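J.: Before I ask anything, here is the structure I am working with.
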Amino acid sequence: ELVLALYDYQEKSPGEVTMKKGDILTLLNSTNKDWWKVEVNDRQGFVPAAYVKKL
């Protein structure tokens, strides 16, 4: 499934990933309510669940 980046987000921890508003990310794991694992182009990592929207 895909998600839309609602805001820019710069990774702030080793396991996080950076995204730009408007980016279409592949949702890898949404089992956590606060942090979702996504694939941004060729990178994988966590971003705040609230900053993305399921498409």
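Residues are named by chain letter and number: chains run A, B, ... in the order of the structure tokens, numbers start at 1 in each chain, and ligands are numbered from 1 in the order shown.
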Please return as a PyMOL selection string: the residues of chain A that backbone DSSP assigns to strand (DSSP E).

T.: chain A and resi 2-5+24-29+35-40+43-48+52-54

J.: Fewer than 3 positions away in the same chain doesn't count, so skip those; otherwise give me all residues within 9 Å of residue 22 of chain A, counting only C-alpha atoms, as a short mmCIF file (atom, residue, chain, number, x, y, z; two decimals) with N, CA and C atoms, in the first residue's frame.

T.:
data_model
loop_
_atom_site.label_atom_id
_atom_site.label_comp_id
_atom_site.auth_asym_id
_atom_site.auth_seq_id
_atom_site.Cartn_x
_atom_site.Cartn_y
_atom_site.Cartn_z
N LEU A 4 0.89 9.07 1.33
CA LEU A 4 1.30 10.37 0.86
C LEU A 4 1.97 11.15 1.99
N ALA A 5 3.13 11.74 1.72
CA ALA A 5 3.82 12.54 2.73
C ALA A 5 3.07 13.87 2.84
N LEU A 6 2.53 14.14 4.02
CA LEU A 6 1.79 15.38 4.26
C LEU A 6 2.70 16.55 4.58
N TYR A 7 3.90 16.25 5.07
CA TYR A 7 4.88 17.28 5.44
C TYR A 7 6.29 16.81 5.14
N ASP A 8 7.22 17.75 5.09
CA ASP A 8 8.61 17.38 4.89
C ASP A 8 8.99 16.80 6.25
N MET A 19 11.75 12.40 4.12
CA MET A 19 10.77 12.49 3.05
C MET A 19 10.42 13.94 2.79
#

J.: Taking 3 positions as the minimum chain separation for residues in the same chain, which residues sit within 6 Å of residue 17 of chain A when counting only C-alpha atoms? Answer as a compact mmCIF listing (two decimals) with N, CA, C and O atoms, in the first residue's frame.

T.:
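Result file is selection.txt:
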# COMPACT_ATOMS: atom_id res chain seq x y z
N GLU A 11 15.01 12.98 8.89
CA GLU A 11 15.34 11.93 9.85
C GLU A 11 16.12 12.51 11.02
O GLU A 11 17.05 13.29 10.83
N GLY A 45 12.77 3.13 6.40
CA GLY A 45 12.93 3.62 7.76
C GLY A 45 11.63 4.15 8.31
O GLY A 45 10.59 4.09 7.66
N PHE A 46 11.68 4.67 9.53
CA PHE A 46 10.49 5.19 10.17
C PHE A 46 10.25 6.68 10.04
O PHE A 46 11.18 7.48 10.01

J.: Pick the closest to residue 26 of chain A from A:50, A:3, A:55, A:13: which is it, counting only C-alpha atoms?

T.: A:3

J.: How far is it from atom CA of residue 12 of chain A to atom CA of residue 44 of chain A, in Å with one decimal?

T.: 14.0 Å

J.: Please determine, counting only C-alpha atoms, which residue among A:40, A:47, A:25, A:52 has the shortest atom-to-atom distance to residue 10 of chain A.

T.: A:47

J.: Write out as a PyMOL selection string which residues come within 10 Å of residue 32 of chain A when counting only C-alpha atoms, dropping same-chain ones fewer than 5 positions away.

T.: chain A and resi 37+48-49

J.: Go ahead and write the residues just picked, N, CA, C and O atoms, as a PDB file, in the first residue's frame.

T.:
ATOM      1  N   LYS A  37       6.868   2.326   9.286  1.00  0.00           N
ATOM      2  CA  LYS A  37       8.040   2.031   8.478  1.00  0.00           C
ATOM      3  C   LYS A  37       7.636   2.180   7.020  1.00  0.00           C
ATOM      4  O   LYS A  37       6.658   1.577   6.565  1.00  0.00           O
ATOM      5  N   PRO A  48       6.952   9.678  11.319  1.00  0.00           N
ATOM      6  CA  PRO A  48       5.777   9.776  12.191  1.00  0.00           C
ATOM      7  C   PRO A  48       4.520   9.366  11.428  1.00  0.00           C
ATOM      8  O   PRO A  48       4.269   9.856  10.332  1.00  0.00           O
ATOM      9  N   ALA A  49       3.736   8.463  12.005  1.00  0.00           N
ATOM     10  CA  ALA A  49       2.512   8.004  11.359  1.00  0.00           C
ATOM     11  C   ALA A  49       1.596   9.176  11.008  1.00  0.00           C
ATOM     12  O   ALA A  49       0.935   9.174   9.969  1.00  0.00           O
TER      13      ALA A  49
END

J.: Could you tell me how far atom CA of residue 21 of chain A lies from atom CA of residue 9 of chain A, in Å and to one decimal?

T.: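 It comes out at 7.9 Å.
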
J.: What does the distance between atom CA of residue 1 of chain A and atom CA of residue 53 of chain A come to in Å, to one decimal place?

T.: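 Taking atom CA of residue 1 of chain A as the start and atom CA of residue 53 of chain A as the end point, the length is 10.8 Å.
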